[PDB]
Amino acid sequence: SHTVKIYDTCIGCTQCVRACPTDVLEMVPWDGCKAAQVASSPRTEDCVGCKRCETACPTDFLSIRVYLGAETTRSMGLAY
Amino acid sequence: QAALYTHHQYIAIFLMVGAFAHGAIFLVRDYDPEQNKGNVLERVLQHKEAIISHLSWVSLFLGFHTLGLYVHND
Amino acid sequence: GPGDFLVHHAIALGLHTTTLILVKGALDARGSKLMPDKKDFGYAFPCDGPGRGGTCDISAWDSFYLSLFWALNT
Amino acid sequence: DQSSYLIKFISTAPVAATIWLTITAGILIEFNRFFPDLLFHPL
Amino acid sequence: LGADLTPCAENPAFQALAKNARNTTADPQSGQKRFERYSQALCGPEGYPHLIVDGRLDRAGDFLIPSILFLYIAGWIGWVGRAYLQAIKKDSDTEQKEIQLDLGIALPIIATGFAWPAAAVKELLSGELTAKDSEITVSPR
Amino acid sequence: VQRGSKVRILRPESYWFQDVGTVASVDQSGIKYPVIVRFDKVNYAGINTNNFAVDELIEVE
Amino acid sequence: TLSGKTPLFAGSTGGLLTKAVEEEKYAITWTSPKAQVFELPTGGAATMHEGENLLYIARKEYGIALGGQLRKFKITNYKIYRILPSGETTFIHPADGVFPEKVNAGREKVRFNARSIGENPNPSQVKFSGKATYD
Amino acid sequence: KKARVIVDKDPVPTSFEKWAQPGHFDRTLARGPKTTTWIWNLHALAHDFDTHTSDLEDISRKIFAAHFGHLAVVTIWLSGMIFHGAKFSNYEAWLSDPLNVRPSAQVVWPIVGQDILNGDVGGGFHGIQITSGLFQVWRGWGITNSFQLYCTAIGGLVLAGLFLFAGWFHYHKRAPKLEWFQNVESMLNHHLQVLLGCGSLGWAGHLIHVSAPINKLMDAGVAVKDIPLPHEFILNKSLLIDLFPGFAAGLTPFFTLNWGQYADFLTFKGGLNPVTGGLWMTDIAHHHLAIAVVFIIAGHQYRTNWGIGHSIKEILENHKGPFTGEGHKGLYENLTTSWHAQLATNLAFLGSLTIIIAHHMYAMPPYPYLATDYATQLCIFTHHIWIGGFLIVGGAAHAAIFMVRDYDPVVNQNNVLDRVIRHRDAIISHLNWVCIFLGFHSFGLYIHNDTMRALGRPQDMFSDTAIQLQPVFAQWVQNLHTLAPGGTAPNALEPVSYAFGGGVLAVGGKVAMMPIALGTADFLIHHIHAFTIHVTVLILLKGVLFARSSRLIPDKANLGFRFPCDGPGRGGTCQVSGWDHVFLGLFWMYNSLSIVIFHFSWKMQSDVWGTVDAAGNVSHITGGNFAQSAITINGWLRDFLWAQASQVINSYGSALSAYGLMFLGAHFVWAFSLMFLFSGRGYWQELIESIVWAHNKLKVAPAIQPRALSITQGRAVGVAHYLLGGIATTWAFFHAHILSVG
Ligand code: CLA
Ligand code: CLA
Ligand code: CLA
Ligand code: CLA
Ligand code: CLA
Ligand SMILES: CC1=C(C/C=C(\C)CCC[C@H](C)CCC[C@H](C)CCCC(C)C)C(=O)c2ccccc2C1=O
Ligand code: SF4
Ligand code: SF4
Ligand code: SF4
């Protein structure tokens, strides 16, 4: 599966979570930013590696990164 | 003579592209900035924009005028 | 004579432009403005997706790929 | 004012370029019409 | 200079070409006038003017004079272009002034572009030509 | 640094690294990147604002 | 456990292949206020029933996509289930009953790096080691 | 409800304000440029009116006004062509001597030596030889002097003025409401009866009263000065009686159904006029009269304001059967609520029609002295095939744009459109297969042949002298059409085309048209056409059917019509959008039509066109080398491309030199395209970073930040230069060749 890492530069805008077409990401409590929430990637086995989350992320540089790893049936987006 | 010149010039071209390919693989996989602190390799990377911009110029400069003269002549 | 002048200048263009592609590929292999953490993704990778304006052929490997067209042209 | 709007349109990149490169082409074409075949400056 | 170069007025190949010289423009003597001018050049065996670009003063017309005239016009264009960009950057709507020319700003700059070499030297010897490497954006190393 | 102070960026992965931006606000709290800096030129995503830590900034004005 | 009647005009060549029998299958359930037309994940205009609807889908992305379309119909009670060939139905979205874009207490940070992305080590440093530069 | 004129008065105030506000029309663009991507987006979105405003009424008004704009520029162009004919041509010399004088209506200025392009075209005139067939059009019109062209040109400039005013008026001053636009029944009635029906009746009038008499006298060898002016045939009846006795009968035979009294000026001759090698004016007259009647009848089908007539919605709704569920129910709403659904249809069928026109015009040359003008014949065929192919791909594009933007599930549930979406995997899988089958059993035969010939095994080839593949069906149809006159078309004298059979017809020394025999080389090339069309359709149909979704991207409709990808995930999703299928279909359209015009060019030069000996023996331009050469790729490379490129490459220092320059220029533009197609944005943005660094270093960094072209623009620029370069090459090739041999 692909690896999705969140970095402490996250502002908790939730845009990555909303963008994700396979519900990999979710918002979890945090004290690090004003929004008081950080992105998390609990379900990276469902990550297809589309990088919609990175396109969504408004921080410079990105606070979410997808590192494309071992390809599986779920990661290759196969219905067969 | 034609075969042997073409053959070796084609090989030379592959070896030259490989040299730069493996040079890029070195930079991305092997190059330690901390071990190369202050040396010629770090300095080259420090003004890489200046090197690439001047290469862009020489290429454009050669390209415009050489194609220009050929097209003029043609 | 004049024919040898124009074609030597075409060869120079060829050598500088192949170099430009490969050197740019080498010196941007570890990162650029568009992809600052490029070293984390290695030598060969498809892209970093259509975000930030699009990043097709952004890897150091993709400079090797582009350079060989110019190497063959030259 | 409608004059100000035309001047702004004339000064817009593609219209400004067209007028300027037409003048530049015109100058070059006419110079070559009255002084053709200048391969070098004669001495 | 070299590779069977003779004065064009001595090369039989040139005279042969001159007798069948095509009229470039409406002027019916334009064909002859061309070969009359090109007679002073060096011609190869086939009778085409070859240009010598080594900075020989007796061949200054070939490349040296065209070079000076080009560098003066190209430098004008570049300086006027640079001048305008620096002028509009001091205003508020700089991006709009790029795609929609402020002729009030542009035309005076264009007019004063004849004196670009003086302006280029002055600005080179004032540290006002370049920015500092530390104040220009760069990629991570 | 405070509101209106021109700052140069020291973050090397920042689009605006060694570019000048205006400090829009400084969040008076314990957050790691409290200083909101606006920029004249947009990045590749098209945004012109970003959060920075005080150590990543040099006040120039 | 999955209750709901299959929507009308649910048939197309874009439906379940042999994977659904051999590897895994997904279901998406939702309660509709009214019978209304909706575009299927893989083409075709299907009709929702008033009440519980059950649609089998090859990929979880079909469920999330359809979920997004159901939100445009003012429906937010959709549940996606992964179904294995042993008939082991697993409720997978929303994981904890709250939608992931909304913050819920109890969720822990997963794959969080307490650094800026610029502060990752060089590939040379983690060379011949198990770890990567983003670890 | 009733069709009626209903407009809003002064909807948009006319002012230059918005001319000074680039990108005013889009909310995003209105904010202004920040990067150079903005400058591209401005042009890209300019005429995408659906993105300007949501209001269908405002979109309909913009489209109606824009059309008056496009009619004005086309009228300016047609007026220009006729003006250049009146002022800068050898038309009058060409009328006096059609066979010897070469048509020319473009004179070059004497500057930088380009006057060489003003070649000796005959009629003591120096200019570029034209291949647009304007001289043959004007001769067919019965125009015999420069003054008649001047009048027609000025008339055109006035019509172009009227079209500009109309477009301004019908947008800024009196803009029709959406009600008006959605009267499809009234529009079809008026466009069938007036535009086509009355246009065809009107033209029958001109043919019968002006063209047929003037052409008949010119074919009788009467001097152009001696021929009466076209109004003298109306004012002086005696002159017209002398040419066509049927006019003696007057208009009473028309009203009393004694139509045989007009058999002399309304004919069904068939074949070609032996003098001119064009269709008979009297056949063309009767055609346009018959067309006019059928159209005026046809355009009384649709109900407007008087109950009588069909409603198209009821027709569509009633056409359903046991395979197609609700059938054509909901398609009326698609075609009356989406402009893209209409543009898709109209581009697909106008494109298909333009290709039919290409075929019908070479085989049945309708204009006098067209058939023997081999340069015009080749060029108008190739031209109209290209226009046809582009329009068809446009049809597919706008079909995909409709599916993404304007398709409603509610309107289109269990109808023909809905049901095709539900077996799209079965459609595309079968079309995929037939493409591979055709590819192997069409192209593979050429590869078989090349290999057999190369191995010194000609007996093992697919050829007329080896393993034959005779196109027996096309051969059988040719025979039926040849036997038609006297048989299944009793009142025809000759066949519709000599291409089907009959004799060699010759005008001057040259073959106007003769029978186009089909053998193994014709069977092979026809199955190549079938292949290259089926693959283009595979790409475009896949584009339209998978525009909204696929098994890969379920929510593709949300990403839109024109997006570069959905990222490197799922293995990589590059070029999944309906836009990207159009991009790929253009290359295949280009590949397909290239082989069509190459087929036409070589087949006509080897088997049709050529000189005719007094005895009647036909010596063809390439001496019938098609049968044995056009069955291998080597034969195409050698006997077609290599052989016929001699004229274009040897054109320097002559009047055809321009085609030699265009030939290289086009090869360059084509090769340049490969930079855009083979590369990606990422590389170019990183190169621009370093160039921007140097501009920053010297304080010349632009406020509008430079960006590499978008992924989509990269592809758009790629395919644009590829098509331009490729097509322009063949254009230069065809001209230089056919202006020498033809
Ligand atoms: C001189 C010695 C040399 C050595 C020891 C290496 C070694 C290596 N190279 Mg380098 N390289 C070299 C020269 C060399 N290279 C040259 C001259 C070039 C320029 C072309 C390159 C360009 C290059 C690139 C771009 C990359 C490497 C990579 C590598 C590594 C992996 C290679 C691999 O697994 O591919 C497996 C082998 C193949 C895929 C071979 C298939 C390609 C051949 C040529 C196909 C030929 C077609 C067909 C057979 C002909 C048909 C005939 C027709 C008539 C039908 C390995 C460390 C890779 C790496 O990641 O480095 C760590 C990598 O990405 N090399
Ligand atoms: C004929 C084919 C062709 C041509 C002309 C080019 C030209 C160029 N390439 Mg490209 N390239 C090509 C094929 C080609 N490439 C292919 C197949 C690939 C593989 C994908 C690439 C991949 C590639 C890479 C990776 C790079 C290049 C770069 C370049 C530039 C080198 C700069 C230079 O020396 O020339 C000077 C410029 C020219 C010769 C351009 C043409 C000048 C025109 C004709 C003048 C036009 C003016 C005229 C009035 C306009 C008329 C048009 C009208 C509509 C207004 C040059 C623009 C490099 C670059 O950008 O360096 C700066 C670079 O890094 N190319
Ligand atoms: C004022 C305008 C200006 C100035 C002073 C420069 C200066 C420079 N350019 Mg840049 N450049 C410009 C505009 C300018 N450029 C534009 C509009 C483009 C987009 C085509 C580029 C694209 C570009 C590339 C790709 C490269 C350069 C490079 C360079 C450097 C080397 C010289 C060269 O290669 O010329 C190159 C010239 C061109 C590509 C054509 C220039 C087009 C026109 C003539 C300039 C614009 C004039 C403007 C419209 C005038 C308006 C003035 C008015 C409002 C008063 C030099 C610092 C090179 C470099 O980095 O060297 C280290 C390099 O590789 N430039
Ligand atoms: C009556 C015919 C017709 C009409 C009214 C339209 C109308 C439209 N098209 Mg459709 N289209 C058509 C035919 C037509 N098209 C054809 C024949 C094709 C096949 C190529 C297409 C393929 C197509 C695509 C792929 C797309 C459209 C889109 C659109 C919309 C936006 C267009 C725009 O803003 O262009 C702006 C104009 C430009 C960017 C300039 C175009 C210049 C072209 C590329 C090259 C011209 C070269 C020329 C022939 C030679 C001169 C060369 C010389 C100058 C050097 C608009 C509704 C777009 C859309 O999004 O729909 C909603 C869209 O993405 N069309
Ligand atoms: C010469 C260049 C070339 C060739 C050979 C192909 C071939 C193909 N294209 Mg491609 N295409 C090309 C250029 C080419 N393309 C370019 C430049 C583009 C960019 C626009 C595309 C974009 C493209 C699209 C978008 C599509 C295609 C499709 C196809 C396939 C059509 C089906 C078919 O005919 O199968 C039959 C195979 C052939 C005709 C190839 C030659 C067969 C030989 C003669 C027989 C085999 C000999 C022997 C047994 C070899 C093995 C033995 C050996 C190992 C010892 C076919 C494989 C389509 C497709 O896949 O649909 C089915 C499709 O949709 N292509
Ligand atoms: C070459 C190339 C580029 C680089 C090309 C670019 C950025 C286009 C820029 C060219 C235009 C012509 C610059 C015009 C600048 C000014 C408007 C010119 C002003 C001067 C005139 C008035 C004379 C891409 O950006 C790209 C993107 C995606 C896939 C492939 C490619 C690709 O192949
Ligand atoms: S790469 Fe795609 S699937 Fe993976 S987390 Fe990001 S948005 Fe979700
Ligand atoms: S990772 Fe980026 S997009 Fe996601 S919540 Fe954090 S800042 Fe927002
Ligand atoms: S189109 Fe470009 S950005 Fe998108 S997935 Fe392909 S390579 Fe990556």
Side-chain angles (χ1 to χ4, degrees), chain B residues 2 5-37 39-74, chain C residues 1-49 52 55-74:
Chain B
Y5 183 77
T6 310
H7 173 66
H8 280 110
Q9 285 293 50
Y10 269 76
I11 296 310
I13 286 280
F14 277 99
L15 295 175
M16 279 310 316
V17 164
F20 278 100
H22 284 278
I25 293 158
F26 155 72
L27 275 168
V28 72
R29 292 184 67 179
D30 287 2
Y31 173 68
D32 195 340
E34 290 294 342
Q35 297 295 119
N36 296 284
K37 183 60 65 62
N39 77 9
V40 283
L41 183 52
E42 177 166 40
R43 288 192 186 180
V44 161
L45 292 162
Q46 276 167 8
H47 75 287
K48 67 188 191 67
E49 291 86 20
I51 294 171
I52 292 160
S53 71
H54 277 73
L55 271 173
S56 187
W57 173 74
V58 174
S59 301
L60 283 164
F61 179 47
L62 282 166
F64 280 135
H65 295 88
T66 313
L67 175 60
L69 293 197
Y70 271 121
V71 168
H72 170 100
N73 292 343
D74 208 86
Chain C
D4 302 87
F5 169 95
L6 280 166
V7 68
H8 267 91
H9 271 271
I11 290 164
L13 163 63
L15 291 188
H16 280 92
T17 311
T18 317
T19 298
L20 169 56
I21 295 156
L22 283 168
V23 166
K24 178 269 174 210
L27 295 183
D28 293 344
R30 316 190 84 245
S32 62
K33 304 303 296 182
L34 185 51
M35 194 165 175
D37 71 325
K38 202 196 288 180
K39 57 173 169 277
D40 291 319
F41 285 74
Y43 182 54
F45 59 90
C47 55
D48 203 26
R52 315 198 298 281
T55 59
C56 315
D57 289 298
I58 200 173
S59 76
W61 188 97
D62 295 302
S63 290
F64 149 77
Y65 152 83
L66 291 167
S67 70
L68 187 56
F69 291 105
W70 262 99
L72 287 171
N73 181 50
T74 301

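Reckoned from all heavy atoms, side chains included, excluding hydrogens, waters and symmetry mates. The chains referred to below are lettered A, B, ... by the order of the sequence lines, with proteins before strands, and numbering in each begins at 1.
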Considering all heavy atoms, the nearest C:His16-B:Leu62 contact
ND1-CD1, 3.7 Å

I need the minimum non-hydrogen distance between C:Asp62 and C:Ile58, along with the two atoms involved.
OD2-N, 3.6 Å

Checking heavy atoms, do the side chain of B:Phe14, its backbone, both or neither come under 4.5 Å from chain C?
side chain

Can you measure from CD1 (C:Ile21) to CD1 (B:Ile52) and round to the nearest 0.5 angstrom?
12.0 Å

Answer with side chain, backbone, both or neither: which region of B:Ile51 has an atom nearer than 4.5 Å to a non-hydrogen atom of chain C?
side chain

Honestly, the part of C:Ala10 sitting under 4.5 Å from a heavy atom of chain B is both

Please identify, among C:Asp28, C:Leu15, C:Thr74, C:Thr18, the residue contributing the most non-hydrogen atom pairs under 4.5 Å to chain B.
C:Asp28

Working to the nearest 0.5 Å, report the span between CG of C:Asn73 and OG1 of C:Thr17.
9.0 Å

Is B:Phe26 in contact with chain C via its backbone, its side chain, both, or neither, using a 4.5 Å heavy-atom distance?
neither

With a 4.5 angstrom heavy-atom cut-off, is it the side chain or the backbone of C:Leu72 that approaches chain B, or both, or neither?
both

Of all heavy-atom pairs between B:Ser59 and C:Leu20, which one has the smallest distance, and what is that distance?
OG-CD2, 3.8 Å

